[PDB]
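Each of two forms of one protein chain follows alone as structure tokens, named structure 1 and structure 2.
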Structure 1
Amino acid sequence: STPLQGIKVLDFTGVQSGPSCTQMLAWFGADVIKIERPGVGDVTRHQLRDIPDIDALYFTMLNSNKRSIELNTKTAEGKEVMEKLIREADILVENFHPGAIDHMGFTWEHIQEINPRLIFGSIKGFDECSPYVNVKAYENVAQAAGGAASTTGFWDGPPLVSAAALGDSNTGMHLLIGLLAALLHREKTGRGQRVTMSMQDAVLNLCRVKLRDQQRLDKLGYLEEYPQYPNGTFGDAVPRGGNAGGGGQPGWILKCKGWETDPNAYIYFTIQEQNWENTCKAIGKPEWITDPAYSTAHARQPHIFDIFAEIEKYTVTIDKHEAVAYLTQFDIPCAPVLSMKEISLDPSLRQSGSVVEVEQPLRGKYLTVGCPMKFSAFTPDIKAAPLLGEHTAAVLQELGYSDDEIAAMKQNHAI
């Protein structure tokens, strides 16, 4: 068995935020029916194709295990099919522009009358209360609005976006949490409900530690662990701190052998408070162990970049992998800056099911990120992503439509 065996999901989504959520639902055992505009489909099918004329990787990596129907929900037949789908489903997920699903006639209020058990999940750029409620959002728009761009990068550079999908997949994972909680809640109430997740809120959740810092800054006028302390200055808002420890212990990105020509010849190195003695032994600085300028985090902070420079005198001499193999013998929290090339080929990531090779029709093999959490009682089976409208007939037949009704829908461009 699987966690969501028997659950039916209507995936009325596109791009990344909504589809990441429903892909996980499929991997958990749900029947996910992706509802797509006839002849067009999810925009990711056509975006940044590496092979002409077939679905792009953007699509296949976000839509594994789903079924695809082509349905124009703006036609009379399409609206009726949508209603029948809603009546039979457990979950409906959508991430179209603000107002879009409403204008089709499928407001939450209507969805509720059709099926009081249905859970309706909606992703938008911003909350209902926001002055930006009607604003379209992509990944980095949310990173700017949610606090991440403000606090990422260097103090003497611009705000910087993260490569990680803070606005997209992150929001999808947050919606997923809400959908699973709503399924658990429905076990008690017998009713569905609406779950909304904004991209701004998803980014803010991950920036909780910077809201901690803002409050410390408001109270004290300084942030004792930030690069700016004590020889720099603070303004009224949490500043960018380069490669500082953030929510972790103090640390930095350090150069390893090759850094001049290899943009990934680096490690992250943590000075863990309770590990100062082992840290000193690792770098051959026994004299620093009890020296009062070095023996506490507070005393190190005003010359911490001298300390990092000293560690770097060692790390630039060996490959990042060697540097880590050595330093971890001293219980130092560190790791190489792994490139996507190293990740894509890493045997341990294949073994754990974190990077998964999947065979797609026409394309053949591709890699995707697998189900990130591991369960002792079940293993997701990750499959190909659907061809556009591959399952239209089957889905309509499951709803009880006859061959004549389906032929009429095709003639009327409802499918």
Structure 2
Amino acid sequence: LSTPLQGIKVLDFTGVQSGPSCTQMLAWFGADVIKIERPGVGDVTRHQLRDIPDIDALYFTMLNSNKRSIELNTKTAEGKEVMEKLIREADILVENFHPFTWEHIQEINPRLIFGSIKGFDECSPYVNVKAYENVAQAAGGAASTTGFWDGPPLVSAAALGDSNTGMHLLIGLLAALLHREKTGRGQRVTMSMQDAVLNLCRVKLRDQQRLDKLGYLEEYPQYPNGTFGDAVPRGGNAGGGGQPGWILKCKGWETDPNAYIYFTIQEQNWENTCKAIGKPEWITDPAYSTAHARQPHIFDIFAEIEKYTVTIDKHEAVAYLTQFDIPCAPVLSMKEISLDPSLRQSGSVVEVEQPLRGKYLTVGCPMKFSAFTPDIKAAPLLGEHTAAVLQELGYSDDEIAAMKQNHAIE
């Protein structure tokens, strides 16, 4: 009967993934999101990585559910007029362009919130450098600290520079809406891809300061028989926090790249872990009884657990080990996730009917609310809503026809 963003109007210039992920969520929260697209071309994701000739790619449909699409040429007298009318009516304008002024917009509409995503902050030496996903992962600390100590920096499959940056801009936009309830004014909100990556790497900045102070990191694989340099090193599949763990092979790993589990050695669970793996002697042995004592031979311990896990299927391994309250889970493949019934039931993976394509899967709205449920719908066809939007703005049918004709002739 009501949604959080009921009545909110968004002008959405975003493309690719960072900005569209943000505005897709705005739409799912009830906002009217109008994608303003280049006539005859549209968002680049419509044409990238297509699996079916001549129809919008999955890259597009999974990021643009529930949006409206207009085609608009701002470089004409009528396009500029349409743009001004849209700005007067809008609550939020969002853009994520590579490197109508804000001053003018404020004068047109002092209630408007302007959201902008860039690769880097305004004062960065890299302010004018184009960033894609992995460029941000490199600049933000993640590639440096992900991977193995004897291998290269490694990018993460997770969209640390793209969807993550979108989620951070979304936080800012919702805060700005809340602030507007108090001030009656909009404002500018900016978010950089580098900063989004850094925020998720906060704990690696913790580790850099520990390393600066002490010269070693007790819980890292390099302690005590390896070497530390001046910067936090890659730790392979180490825990990353106060509880050690590792990725362990399960039955079938020679041919199945996802036949593995993650296993945590939780400090407060040590006795239960010992019972699980048939090592009751390790409950009181001073070399094993505390985390500090375990650390210098922690890989011998993981090797002992792996002697068991390699003999059974990962799902069996987790079923057995969790009886002992061990934090662990299988490494789920994208195929397993795409078919998991619980993720359908939770609305985490959602089937959507798309015009011209038929069914596709998307990731749904991740957080759950007791007072409303988003209804996830198809993505817009290019320019599907141009006429409807112009009508809502007060243009007559003859005026709309004239605009379309002028465009066709130009």
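Rigid core (definition): largest C-alpha set, two forms, superposition within 1.5 Å. Each residue is numbered by where it sits in the sequence of structure 1, with counting from 1.
Only one entry in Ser295, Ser162, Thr75, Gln272 has its C-alpha moved by 2 angstroms or more between the two structures when the rigid core is superposed, and that entry is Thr75. The rigid-core alignment places the CA of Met409 2 Å or more apart between the two structures. Superposed on the rigid core, the forms differ at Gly400: its CA is offset by 1.1 Å between the two structures. Lined up on the core, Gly39 has its CA atom moved by 0.2 Å between the two structures.
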